[PDB]
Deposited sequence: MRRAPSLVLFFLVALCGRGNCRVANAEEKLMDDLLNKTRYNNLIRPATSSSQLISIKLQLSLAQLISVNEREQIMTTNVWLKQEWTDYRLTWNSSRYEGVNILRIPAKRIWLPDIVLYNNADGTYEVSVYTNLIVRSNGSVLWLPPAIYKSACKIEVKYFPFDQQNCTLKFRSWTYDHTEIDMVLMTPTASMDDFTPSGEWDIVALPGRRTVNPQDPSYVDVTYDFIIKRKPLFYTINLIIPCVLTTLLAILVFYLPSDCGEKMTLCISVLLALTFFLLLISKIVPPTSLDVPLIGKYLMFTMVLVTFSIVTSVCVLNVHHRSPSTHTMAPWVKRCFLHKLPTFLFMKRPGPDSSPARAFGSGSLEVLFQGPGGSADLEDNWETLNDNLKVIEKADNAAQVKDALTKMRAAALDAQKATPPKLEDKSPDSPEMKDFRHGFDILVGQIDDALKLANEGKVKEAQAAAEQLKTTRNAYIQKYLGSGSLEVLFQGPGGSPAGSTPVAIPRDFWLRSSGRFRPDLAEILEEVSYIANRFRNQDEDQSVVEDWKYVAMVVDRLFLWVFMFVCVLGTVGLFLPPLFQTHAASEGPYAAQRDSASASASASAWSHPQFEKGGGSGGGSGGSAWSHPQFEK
């Protein structure tokens, strides 16, 4: 009949281990439970849903008194392994579960020693909820907590305490996107409430930007740099409007990509997002100015007339400021003079057209410096 059989009988038999009574010799004795967390693998961190998945080993070690025996009558066995369904448990569970299930499944054995010590280390995979800060999206460091509190009990019955100030990580399989900085833990008890005891561990994780710094930022920088080339195209080519609209769409493509990674923001817009709106506003201003320049270029003396102030401010003052500079003989005579006069008139109106074109060219260069200087000040700010 072995010896373990008599041990388990005398433990969970006629002595009638009740399984639902808190172990307490007196009416005021408090059961002290010592906790210790061992991180094993940081599975993933989801910014869109703000849910972190972890693989942790939580060890709980209280001290019972009904499970004790003399290690001489029952051969020489002093360590047992009782299933976690016939022994009282403190019922310590996670209090910030993402889905909202304050329940756990018990199938792992205990380890009961001879003097009453009880060790329980159940495997668990947790999906907690934590705040995600995305001010600097590629280079960010997060702070996500784990909160462990009792479920069926409160204070004046249990004394949840910390074994080690940190959470030992001596099983870690290193991740590929996040780096562990520190894992401290603290025990909070509210003096304004005699029925509140808490133990919490918080994870500080720093990202490793190499994938995003290559698949983003740099293409955005190139597309932004492409936005200043429109102010250099000639008006006769007739592709200015083709260039402006295409740049806006390309910037739209990147904005959709970024907004599908960060969660719906409330007040902390990422710094890589505020840049794109500024660039889009500048590009829209560029489109409007390009339309105005195109209208100015296509002018003729038969439809428009140049005001005297235009030829004084836009032709002789501004260009110096932008560093730029520029019997039948009677009938025969009548007809040839008519031809000469027609040629002179054609030359005059052609010269006026050239003046209009140069005025448009001068106007175009003015906005190239404004765009350059207003762009650098916007980048300096944010």
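A.B. asks: Wait, which stretches of the deposited chain are just not there in the structure?
C.D. replies: According to the record, the gaps fall at 1 to 23, 350 to 518, 575 to 633.
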